[PDB]
DNA sequence: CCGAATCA
DNA sequence: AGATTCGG
């Protein structure tokens, strides 16, 4: 009683694989060299209208009927059963004209880009003519970057880490180590953030201190929903941690933002499985203080220092008109080319995210403790023969140092007053009582081992 | 089994580009020289009925069928895939008869106005005959404005800032610096607000103190939904900040209302991406007090003082019948012409929004502190040779002044009693402890540098 | 494939302009000499059925089909594009039989009333036979009103203000000055309220103290939705303001209820633009106390005193059976005729709403202050030659009087103990500190000018 | 392309006036001698099916089709324009079999009851056989009432006021003076309340202290929404006023519950204008304490004292099995007859509510 | 293939 | 001069 040919048209459309069922139970369409997607409005009908010209005239004429078109859309929905997931590759950069590869630097379009299923995109059309190195904009932006981070051997490690972070901003996979941009106000962090935002378009997203000092998994969370399927996250506006009224960075939150699928409820929808592919960068003017510090957190945190003010390692004047050029996307393609070059230099063929926690006072204190306070163990029991005369008493098969002796000897390596709050917090977090008073921390000095 | 010509009619309609798919997934229509839009009811059918006369009789007759008309509407919906965004230009003033340019003062209509995609409009038809300068209404309104803000050299900067703010009320872009209307009751702020509202019609919107002292991003927020795609916002009814029971202006809220797309959930809809193009003006009778004060906030805030009462820099009598004339829109076109003249004088070709925070007691205190308490740095370490004898002790490579010395010397420049709460709050927000008692603030006097 | 004549019928119907598209995007119909309206159910089909007899038999027969009737309704919806606003005139009184003019006292019906677009109505049919002056009910109601408000020269101003307020209860425009009904319990305020309610039917609406002491703009607000497009509002049940546990009247709320379109979200709908055409009257047994007092509020507030008890300026007995007559609408048309007469006496041709704030203790205190404490200005600087010897010290080009002197001299005009809380609140709201202790209020006595 | 006869059938149905449009924008139907009403589901189709037999066979066959029946319903909706208000008379008592008049005591049914438009009803079928005076249940209930309130000259005023309040519980108009039931615990107030509830069926509604000490007009208010179109409200559970933490009775609330159409937002609906025809009775064991005292409140308050404890003015034994008879509706029609007799004694021809503030 | 029934 | 089915 209906059109048999409509199912044939649906089958032919699904042969092209122009519409796919996402793992989240959503539908995507391949229109205008882009994987367009909208949960609110099914774009299947729009896809049918787009690809009607790619079909015999006997079928394109039938597709003109909205009723028949909706019938074909329903047929496609029914046939599409396997919820095929997307956005697997981390080395492909989508555009409004297709996909650009980060490996060879070759940009794909049309069916070449259709082989890649990218739900999001950079938000603008790709232009290879502007995507060149021998351009005045490229040279100007290189000068700007050198101003922000000098190419000096003292800053060579810091500059290289900054370049690696910027290259990893293009990564489509999880970030295994958080990056901190430390410095003073207007040291180039904001300029770098604006340049990255202009270069990557819709892939950019920024947030404040909310996710860093508050529990994300509490009812709906717009921040987590926005951060899903992203390329880079900027966490600016941190408070004076040394002063009262400022919260500490929650290590639990930092460890939460390190998984491929970070949990968090969206608004009036069930999309808790938020895929985390974004490079999270923290902008601050002060050295952060964390509520909890451990080896895992120190291996999840890297710090980049900005040491050149623009009126430090150097002082220069401020360019007022450069902000307008950034807002005009004059250096967008130059920044993109620089990021591609850095990605090839560093992240080709494998992503690398190494931690640098030694640029934080509390982190440095904990690192020095760990280098000097290796935990007691059964393997350290045979050392009791030499450690008995040094105050270390064997308590429950553990080499234990008295709290008084520990506090006396911790003033030799650390300032007992500068680290007084830090030392007290570390003790309270790691002290144990023998009976009531022979308080000990299950750590051993290497000076006595 | 249906009409093949219906798709041809849809194609011809979309050739005219009379209907566009917004970035928010909404549909707009170009009817009666206006970009009409309604999410609740799709105006596509109404657009088809409007433009049926612009089509051959073979097609206009077919469009008379509501079923065929809905079929063509569905075809248009399917063909429209690219969610083209609108309202880009900040220099175009829409009307019910078309678009008026702020650059050359030329008003466009019909297809000339169709080139511009304005979702909102002034809410009334444009009239060039009333849009003249050599009119009695223009002279009367100029006299009224001079009464509100005298053309005196003492008030010349204040008057010019007020004129710049009024001209920027026509801006279709983000406001980079909040404006404060400070004064006493009935000093002309309400008259100016009413004149602007009558001049700009639907583009006007006003709000209370809710957005200034409360967190906007908390579930649904009607205020943010209303403020989207606006031209000017008035924030009146501020409390006595010096007295108890009155909240402080949240600097976080002020910084939130400074982005092109301010977040905030509407009512039973997903339009969190609220575009902010409105000039936010704050009406108050008292000098505001902020919970947090920083350089960014002071660069985001400007203050305009009203110094002429109407029974100050001058005192005059009250005109009871002027309110009726304002409500009758007698000076609507005169006010519009004055705003166009001011926009050409100031904002042509580029918008300018400079901060004036020095008209606020706490802001003035913080500005004087910043001029006198430049933060310590490594660049200031070589000054330790001269600063050691002046009480500045080098602590962790930071030039640190004792809290006692800081409090003693802050009474020389500031009244230690008048600013006692302010000084204490600043210290608590910016003090750091050396060990327990050598409390310091990482700032250096210039009298000793 | 459908009926071409259906569009012709729709065109003919829209020629009559029997259905109009409101500014709020709603549809109204002109049925039974009334502009019926319902957002929940479109009355267009009912209008088509009503006016089918006003069409040729070739069309009335076609309109009998519900499918064709719905088709014509959709055609009318599509053709109706201009969202024409309604309820402009304030001088027209709608009825269930048409519209009564307040200017000439002539009642219109049918197409004469169709020229007027009134969304609301009095809720009952008009009867000119009962709308007469030479009736026993009119004389009885005149006696009742004279009992409530004596026709005495002492109360002549109060009686005239009461009559003006009652006449303005018929106004279809914004009320520029709030009215207060002050007195004791059962002084005639409730009787007047009941008489007005019976006279005006659906146009009446009453509310409690919620809108006076609470913030209206907080999510949904049924009160604002009900008050829209109304003629009169009664705010009764005020607490003992001098005693604890009673909130103060928010001046912000009072100023909010003074605009043609008062904001406020309805329930599960977007009708925030609530048109305010109602005469707001406050019923209380105590003199109100406001959280904030200013010149604008005092110019927005009028007070009417009821000085005749019914067991004051006179004491009479209570009529138990008069309440039944009021509930039977016996004096409805007499009250309507009296209101029309008062409107012609006072509000013809222009509405007049003058403030009388001098009947409130705090308001009287502030009025006396303003008469005695004119604010200092540059125009008052030349008076410093005579004011220096009187304690007025010129501080920052402002004539400043010490707080001690101000408190000493404020006890001469005001009772420093009776107004002690009022004087202290005024000082705290208006005091300024020279350095810490030469506290001043920027106001000057006229005894020294 | 439809049938012409459907509009004619709709016109004929509307001639019978079996369906009416309420003032609240709702529809009511006259089925089984009752003005049935439902906003959730339009009962128009059911009414058409019911009255298809009252029509020529040429039309009943057409009405059998649900689609044609819905079409006729749409026609009726289009033709129904005047939102005629209903339930005006305060002297008519609706039932499931019709309406009983409080003036002459005559019960109406069918088209006689159709002339009366009652959205609500007593919730049970009327029975004149049980509605008689010479019944053992009537005598037993008279004894019970005399126990609750003695027929003594000392309590003659209190007894008469109590009888007037019980008679006014059947009033369909506004209550101009609130009535208080003062005394101690289990003095007979609960028994009288249960008897009234059993007698009046659905027309009864009972609440606690919420509406007496709190602000009614604050967002949705299910209590006020339920109180609409009611005949009597019982407000029990008043706390000890002397003890701290117990709120006082708000005079504003009392004045609010004295208008024909008391405001208040229902839940997810627009029924703010709630008609108030209910005789509000407050059950308490302490002398009331009010936030404000004034003549109007004193002119709005009536006090009835219960002075007979059932283990005061009398002390009698407890009848445990009487509650079972009450719940079995044994004294329902006897109580109804007593209420009608009291209404004729007091409220014929005019309702009367006189305050007693001196108590 | 035309008409009627069934009809978005 | 819904389309589509069923009947002629």
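Numbering starts at 1 and runs along the chain as it is shown here.
In case you wondered, yes, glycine gets a Cβ from its N, Cα and C as well.
Long-range Cβ proximity for residue D:190 (ATP binding site), meaning a same-chain Cβ under 8 A and a gap of 6 or more residues, is found for D:283. As annotated by Swiss-Prot, ATP binding site applies to D:183, D:184, D:185, D:186, D:187, D:188, D:189, D:190, with the evidence given as sequence analysis.
In terms of DSSP helix, strand and coil, the region 'Primase' (D:22-149) has 49 helix, 16 strand, 63 coil. What Swiss-Prot records for D:22-149 is region 'Primase'.
Neighbour density for residue D:184 (ATP binding site): within 10 A of its CB lie 14 other CB atoms from the protein chains shown. Neighbour list (residue D:183 (ATP binding site), Cβ cut-off 8 Å, at least 6 residues apart, same chain): D:189, D:285, D:305, D:306, D:307, D:312.
Within the set of binding-site residues (D:185, D:186, D:188, D:189), the lowest number of other Cβ atoms found within 10 Å of a Cβ is recorded at D:185. DSSP classifies residue D:188 (ATP binding site) as coil under the three-state reduction. Report note: the ATP site is defined by D:183, D:184, D:185, D:186, D:187, D:188, D:189, D:190, and the residues of the same chain whose CB lies within 8 Å of the CB centroid of those residues, excluding them, are D:285, D:306, D:309. In the three-state DSSP scheme, residue D:183 (ATP binding site) falls into the coil class. A C-beta separation below 8 Å, combined with a sequence spacing of at least six in one chain, links residue D:187 (ATP binding site) to D:306, D:307, D:308, D:309, D:310, D:312.
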